[PDB]
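Q: First, the structure itself, so that you have it in front of you.
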Amino acid sequence: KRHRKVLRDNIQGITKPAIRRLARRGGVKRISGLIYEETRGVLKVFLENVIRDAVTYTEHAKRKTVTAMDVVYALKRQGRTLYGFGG
Amino acid sequence: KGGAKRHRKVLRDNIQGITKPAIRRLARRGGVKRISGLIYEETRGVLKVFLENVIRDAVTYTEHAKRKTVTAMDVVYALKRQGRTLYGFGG
Amino acid sequence: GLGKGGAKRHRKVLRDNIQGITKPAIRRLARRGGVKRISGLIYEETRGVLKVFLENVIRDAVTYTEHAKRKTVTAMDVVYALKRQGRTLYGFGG
Amino acid sequence: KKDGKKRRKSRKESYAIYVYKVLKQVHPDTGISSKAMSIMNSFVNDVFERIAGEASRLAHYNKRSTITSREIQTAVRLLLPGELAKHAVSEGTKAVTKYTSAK
Amino acid sequence: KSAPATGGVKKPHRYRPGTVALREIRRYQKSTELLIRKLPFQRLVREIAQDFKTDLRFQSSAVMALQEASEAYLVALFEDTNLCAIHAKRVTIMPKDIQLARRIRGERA
Amino acid sequence: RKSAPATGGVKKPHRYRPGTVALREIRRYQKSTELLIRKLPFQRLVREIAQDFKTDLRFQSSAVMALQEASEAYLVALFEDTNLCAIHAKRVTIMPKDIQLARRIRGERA
Amino acid sequence: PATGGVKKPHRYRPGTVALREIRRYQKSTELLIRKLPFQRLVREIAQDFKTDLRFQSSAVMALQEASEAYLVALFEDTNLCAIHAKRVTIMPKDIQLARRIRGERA
Amino acid sequence: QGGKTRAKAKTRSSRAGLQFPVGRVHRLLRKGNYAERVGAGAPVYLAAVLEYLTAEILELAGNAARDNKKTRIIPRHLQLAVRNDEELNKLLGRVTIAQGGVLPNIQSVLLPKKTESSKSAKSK
DNA sequence: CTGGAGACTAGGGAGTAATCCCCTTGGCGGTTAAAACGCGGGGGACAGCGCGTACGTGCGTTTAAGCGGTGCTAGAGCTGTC
């Protein structure tokens, strides 16, 4: 009953208005069409580095669930420290 | 150049060694007058999957014989089992 | 004139401290960067850029020197400062 | 006991001698310049602190008072990328199994 | 009339390519919100992490923290990308700008 | 027979037209026996794949030749079927539409 | 033969020796900044922070090495900005932008 | 136990065939106050990792020395290795080597023709 | 080839290190139950490409005057002593 599906690219779930909103949040008047894919591509490489760091913390602690503590520890090294959710 | 000295990128390129003239000869031998551009990539892909299935059986034969060297007999067993029997090497 | 002129510097006090990095010197560093063309105003602007780096590294160095009760700044203080400045240096202190 | 000796036995933790031996053990007839010696002397010490910094932080996060091969192997994977991580741990587990196989 | 469109006529001064953007610029700077759908994002983090750990489990704080870090990183890239376009006598951010921004920061290489 | 790549001339209707050299190549390549694809680049491909499958593994000339010869024959036989798929439509160009149909009909990929 | 009357000098067109200077300088391993002017500059700056200070004659060398690498790397990043703006010259807005995208300018 | 070799019969470096001062690693861990306890197997793992990093760079430096036709390794050889491979660039992206110089970089406008690099087959 | 410091050993009683005894401590795996955010829904303005158009920017070339680097000549900060 534990159905599984071979990994298909669902990163395309990020839509153009979502990228438009992020661009408009950064004060962008017009955004190129190709960047819509690149922004998701940048999201992929940034996420991949984070989880690769994140899973190593969980593997060392033998804990399956992803803790907010473990995420901050990975982010603190890379410099992307996020205040909140940790103590 | 001893030691490990291994450089491994996220992608691989030894597949691309088989190039358009190599694919062209097979297409002409099969009588194909013209070949599309993306067939070159697909033909390389077809080669990859076909080789992978063959080696899977051949590897099991090689290790069962406690051999660190592959021989014509081992590849024949994999080829004969899969139905693509080869005559000319071994027997 | 080609000599015997009045624009011959002739002084080292209260001058040349910030202009010691002259036009060829900045060109030499820029050529080591591989660049092809140098703007005329880049030379004066580079003086301010170099100032912020020199001040920050020394700022950690002086505080390190005061902590060690020494009147002399060693390469270790520079290396320790450079570690937190994003420009690490290897080859000194050994 | 001293009383005539300069007693200039101040020691700075250095790895140049051990680095030089490694060079001879990977290149049979090759030399190293003393100028390049100072570069690698601080390099390995910096790598030691960086790796031990990961191990110390990892132990503190897990509320453990001990560091062993598990923490450092975690640190090696955590810092070293790609083939370097695979080979560094490969040397790492090679060392521990021979250490436990000695008297 | 106000904004007919329909079959089409030569439009007068209307919402020009930057006009609604300023409205969206004002709106997204007037308040703090998340501009990324959570449910596809939750699939995104789980999908990529499946290879490293099978049957990976997340936490409510973890997914939001990762989204916030990812969203801030993309915004931090946009503010650098937008300034690069103006440096190139352009007001539209283009893939040439994004290549330079990550390379100069060392992220690209 | 003059080619003259220069500006003068509007070319010719029959200058080894697309497929005519192929009609020459099919006769030449079906008149002799040989290995078509490159040998050494294929040898590296076999070694690289086996290296991931098994960390240490040696090879011999007979083994690699058998794998290459079978692969070339497998590709040639596939091209014959794929070209037969191509003739189904009013076209003489092999396309990915044909290779998907040919493989699915056989035991591969289905 | 005479003090005046020489023919047209063999002078390269503008932007030519840059190709020759590029190849020479990347192969070099020495500081391109004179040590003595740099020595006086660091003492003057440190005077405001500390009234009395000395140097080990190696920290001064270390500071020059870091400053040269900081400038050269910035110049390399600056060159990338110039080509992105369709110009060989590196304007003063390039360096200010280059340090803005990086962690500098703060 | 034993009734012989009541001295330094062997060192901890020779336990795993290593050449680095494993005992120094243990002392440095205690000196730096990384933790109140450091178990066995950590310094031997770290020493092997440090030895591997030392050997790979030195081998590349030796190979770079062969390119420059010099037996002894000048600091220039170190800079070429750390930047040639993406594996070593990540670790030392913000790291300077004393007297190491820089790599012979080139760009589009850094050429005679207008934004074209058709020249090839020689080192680039 | 003439000094000097470091890296190897020889020994001696404590510390940290593997080992192993017992009660309380955290994630997992199954159930649950009403609020919530997601699928497709159908067209509208509103803005990416791809031509202009209409122009102040950076390149292409030649003088110039100090500006780089080198010989002396005296001192000036930086190595080591107790």
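In the structure tokens, chains take the letters A, B, ... in the order shown, each chain's residues start at 1, and ligands count up from 1 in the order shown.
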Got a sec to tell me which of chain B DSSP assigns to helix (DSSP H, G or I), as number ranges by chain?

A: B: 14-17, 20-29, 37-64, 72-82

Q: Name all residues at most 6 Å from segment 77-93 of chain D (count only C-alpha atoms (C1' of nucleotides); drop same-chain ones fewer than 4 positions away) and give them as a list in words.

A: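 So, after excluding close chain neighbours, the residues are residues 45, 48 and 49 of chain H.
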
Q: Residues of chain C in strand (DSSP E or B) according to DSSP, as a PyMOL selection string?

A: chain C and resi 37-38+72-73+88-90

Q: Return the neighbours of chain H among the residues of chain C, cut-off 6 Å, counting only C-alpha atoms, as an mmCIF file with N, CA and C atoms, in the first residue's frame.

A:
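Once everything was written out, this is iface_8.cif:
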data_model
loop_
_atom_site.group_PDB
_atom_site.id
_atom_site.type_symbol
_atom_site.label_atom_id
_atom_site.label_comp_id
_atom_site.auth_asym_id
_atom_site.auth_seq_id
_atom_site.Cartn_x
_atom_site.Cartn_y
_atom_site.Cartn_z
ATOM 1 N N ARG C 87 39.684 36.954 3.238
ATOM 2 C CA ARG C 87 40.875 36.845 2.396
ATOM 3 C C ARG C 87 41.955 36.157 3.227
ATOM 4 N N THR C 88 41.942 34.828 3.223
ATOM 5 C CA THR C 88 42.897 34.051 3.998
ATOM 6 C C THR C 88 44.250 34.009 3.297
ATOM 7 N N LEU C 89 45.313 34.065 4.095
ATOM 8 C CA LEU C 89 46.678 34.072 3.583
ATOM 9 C C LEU C 89 47.470 32.944 4.225
ATOM 10 N N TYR C 90 48.168 32.169 3.398
ATOM 11 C CA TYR C 90 49.037 31.096 3.855
ATOM 12 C C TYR C 90 50.467 31.381 3.418
ATOM 13 N N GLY C 91 51.417 31.121 4.312
ATOM 14 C CA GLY C 91 52.818 31.309 3.990
ATOM 15 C C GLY C 91 53.578 32.131 5.008
#

Q: Excluding residue 32 of chain A and residues on its chain fewer than 3 positions from it, collect all residues at most 7 Å away from it, counting only C-alpha atoms (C1' of nucleotides), and give them as JSON, numbers by chain.

A: {"A": [35], "E": [92, 93, 94], "I": [48]}

Q: Need to verify the contact set: residue 30 of chain A, 9 Å, only C-alpha atoms (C1' of nucleotides), exclusion of same-chain residues closer than 5 positions in sequence. Can you return it as a ChimeraX atom specification?

A: /A:20,23-24 /E:17-18,21,91-93 /I:47-48

Q: Write out, as a JSON list (two decimals), in the first residue's frame, the residues just selected, with N, CA and C atoms (P, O5', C5', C4', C3', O3' and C1' of nucleotides).

A:
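File written: result-v6.json
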[["chain", "number", "residue", "atom", "x", "y", "z"],
["A", 20, "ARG", "N", 7.48, 36.25, -10.72],
["A", 20, "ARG", "CA", 7.20, 37.67, -10.89],
["A", 20, "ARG", "C", 7.06, 38.37, -9.54],
["A", 23, "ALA", "N", 10.48, 38.77, -8.08],
["A", 23, "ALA", "CA", 11.16, 39.85, -8.78],
["A", 23, "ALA", "C", 10.60, 41.21, -8.37],
["A", 24, "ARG", "N", 9.27, 41.32, -8.27],
["A", 24, "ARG", "CA", 8.67, 42.57, -7.85],
["A", 24, "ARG", "C", 8.99, 42.89, -6.39],
["E", 17, "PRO", "N", 4.30, 49.11, -18.77],
["E", 17, "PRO", "CA", 5.02, 47.92, -18.28],
["E", 17, "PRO", "C", 5.58, 48.00, -16.86],
["E", 18, "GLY", "N", 5.74, 49.20, -16.32],
["E", 18, "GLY", "CA", 6.22, 49.33, -14.96],
["E", 18, "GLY", "C", 5.16, 49.74, -13.96],
["E", 21, "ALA", "N", 3.75, 46.88, -11.76],
["E", 21, "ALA", "CA", 4.91, 46.42, -11.00],
["E", 21, "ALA", "C", 5.14, 47.30, -9.78],
["E", 91, "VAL", "N", 16.87, 48.02, -17.92],
["E", 91, "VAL", "CA", 15.97, 47.94, -16.78],
["E", 91, "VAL", "C", 15.34, 46.56, -16.64],
["E", 92, "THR", "N", 15.69, 45.62, -17.51],
["E", 92, "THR", "CA", 15.19, 44.26, -17.46],
["E", 92, "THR", "C", 16.32, 43.32, -17.07],
["E", 93, "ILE", "N", 16.08, 42.51, -16.05],
["E", 93, "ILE", "CA", 17.07, 41.51, -15.63],
["E", 93, "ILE", "C", 17.06, 40.36, -16.64],
["I", 47, "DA", "P", 2.05, 46.36, -16.91],
["I", 47, "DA", "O5'", 2.55, 44.86, -17.16],
["I", 47, "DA", "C5'", 3.95, 44.58, -17.23],
["I", 47, "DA", "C4'", 4.18, 43.14, -17.66],
["I", 47, "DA", "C3'", 5.57, 42.85, -18.19],
["I", 47, "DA", "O3'", 5.84, 41.46, -18.11],
["I", 47, "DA", "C1'", 4.01, 42.92, -19.98],
["I", 48, "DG", "P", 7.35, 40.92, -18.08],
["I", 48, "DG", "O5'", 7.94, 41.37, -19.50],
["I", 48, "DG", "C5'", 9.29, 41.10, -19.83],
["I", 48, "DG", "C4'", 9.42, 39.80, -20.59],
["I", 48, "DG", "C3'", 10.51, 39.78, -21.66],
["I", 48, "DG", "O3'", 11.11, 38.50, -21.72],
["I", 48, "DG", "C1'", 8.42, 39.35, -22.66]]

Q: Got a sec: who's within 10 Å of residue 31 of chain G, counting only C-alpha atoms (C1' of nucleotides), leaving out chain neighbours fewer than 4 positions off, as a ChimeraX atom specification?

A: /C:28-29 /G:35,61,64-65,67-69 /H:98-99,101

Q: So that I can check the surroundings of segment 58-68 of chain I, please list as an MDAnalysis selection string every protein, DNA and RNA residue that reaches within 9 Å of it, counting only C-alpha atoms (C1' of nucleotides) and ignoring chain neighbours fewer than 5 positions away.

A: (chainID C and resid 1:2 7:8 23:24) or (chainID G and resid 13:14 86:89)

Q: Mind giving me the straight-line distance from atom CA of residue 82 of chain C to atom CA of residue 73 of chain G in Å, one decimal?

A: 15.3 Å

Q: Taking only C-alpha atoms (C1' of nucleotides) into account and nothing else, which residues of chain I lie no more than 12 Å away from chain A? Please answer as a list in words.

A: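 Close to chain A, chain I has residues 26, 27, 28, 29, 38, 46, 47, 48 and 49 of chain I.
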
Q: Near chain H, meaning an atom within 12 Å, which residues of chain I appear when counting only C-alpha atoms (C1' of nucleotides)? Write them as a PyMOL selection string.

A: chain I and resi 7-12+15-18+59

Q: Hey, what's within 9 Å of segment 44-58 of chain B if we count only C-alpha atoms (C1' of nucleotides) and toss same-chain stuff fewer than 2 positions away? As number ranges by chain, please?

A: B: 15-16, 18-19, 23, 39-42, 60-63, 70, 74-79, 81-82; F: 46, 49-50, 53, 67, 71, 74-75
